[PDB]
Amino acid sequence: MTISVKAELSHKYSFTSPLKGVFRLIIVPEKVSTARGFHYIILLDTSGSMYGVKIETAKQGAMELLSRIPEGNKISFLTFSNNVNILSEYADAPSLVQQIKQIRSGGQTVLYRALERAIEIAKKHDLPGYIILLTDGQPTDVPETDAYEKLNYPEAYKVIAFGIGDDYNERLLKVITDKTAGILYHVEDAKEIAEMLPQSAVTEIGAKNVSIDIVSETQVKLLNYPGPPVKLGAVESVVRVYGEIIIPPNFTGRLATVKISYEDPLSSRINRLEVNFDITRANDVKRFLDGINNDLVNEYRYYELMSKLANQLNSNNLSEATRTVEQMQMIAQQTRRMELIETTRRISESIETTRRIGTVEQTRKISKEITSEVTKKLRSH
């Protein structure tokens, strides 16, 4: 029913140089209530390559997903592949079961036109929501990733993409999710679809229609969310928003103010939260460096490097990928956090083995795996 905010800046004092301050906003949902008033838009690829276990498992998972969504929500279902086909628009689930059962495989993949249609449908109404997308191959209408960069996605609509198999374009889906504060799930086995797709249903939330505005006297740059302002349809689990802000030399005063607004999903009340980053000028270097939260600097750098890692594997720069994961290891071990240390081992782990195999087959695989993991680490649990 509510949201709590802890906001931390890396620097307490400024000094003689332009400084790259980094900040973290931790948003915690409290006493979570049933999620209602959301518009789920499902985009299912039914191309020829989908024939078999992939599409039957997707159909069953879709029905289970519809079962899991609470009742006060609207559902749209699209099937795209040779042409876009709307099964239902802004409706309820009972309509779809019979139609889901008649889905057939066949045709190319027209992801661009399906996304355009999903955007139009989302923009037909004033509800936040989600775009649940499953595909197993590249788009055949628009394979250029830059085109998916330029789309005007609906605000407060998070894209949950399920990339199936070894033939889709992980970089394109990453662009989609990055532009929509979304999540990319790599699915290597169709089995995974049956347990994973229903989890994209949001049952209980701490806030609805969240708006994070950042009023700064200097340039502000978010790491893992579009904005500022950040427009999140809902808060289901802890949100960590990372960003950078240029602290000018010898600055003193109110550097930035973060205003968070949201709707109580139960009381339907507008709550507004306000945090101030007040900085002073340091008159000594030891006095300036003691004002640095080095753990936050290391955490921000860690996630920066992880984003770079996804990009580098997408670019086949395995050498830089190795150097990057190594730095992530050093950061994890410097923070003495078991969770980060293992996560980084598991990744270095894979990168070294791919360098062993030294084939596009394997590089392209771990690219998918790690590209998904980046989005998951940066925008959930």
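In case it trips you up, residue 1 is the first one in the sequence shown, and so on.
According to the record, no deposited residue between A7 and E8 is left without atomic coordinates. For the pair 100-108 and 113-121, the record assigns the higher mean C-alpha temperature factor to 100-108. Stretches compared: 244-252, 196-204. Higher mean C-alpha B-factor in the entry: 244-252.
Per the PDB entry, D290 shows the highest C-alpha temperature factor of the residues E89, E155, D290, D166.
Among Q60, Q329, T335, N317, the highest C-alpha B-factor recorded in the PDB entry belongs to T335.
Residue-level temperature factors show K376 in the lowest third of its chain, judged at the C-alpha atom. When the modelled residues of the chain are ordered by their C-alpha B factor, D146 lands in the highest third. In this PDB entry, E236 carries a Cα temperature factor that places it within the lowest third of its chain's modelled residues. Sorting the modelled residues of the chain by their CA temperature factor places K286 in the highest third.
Ranked by Cα temperature factor within the chain, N224 sits in the lowest third according to the deposited record.
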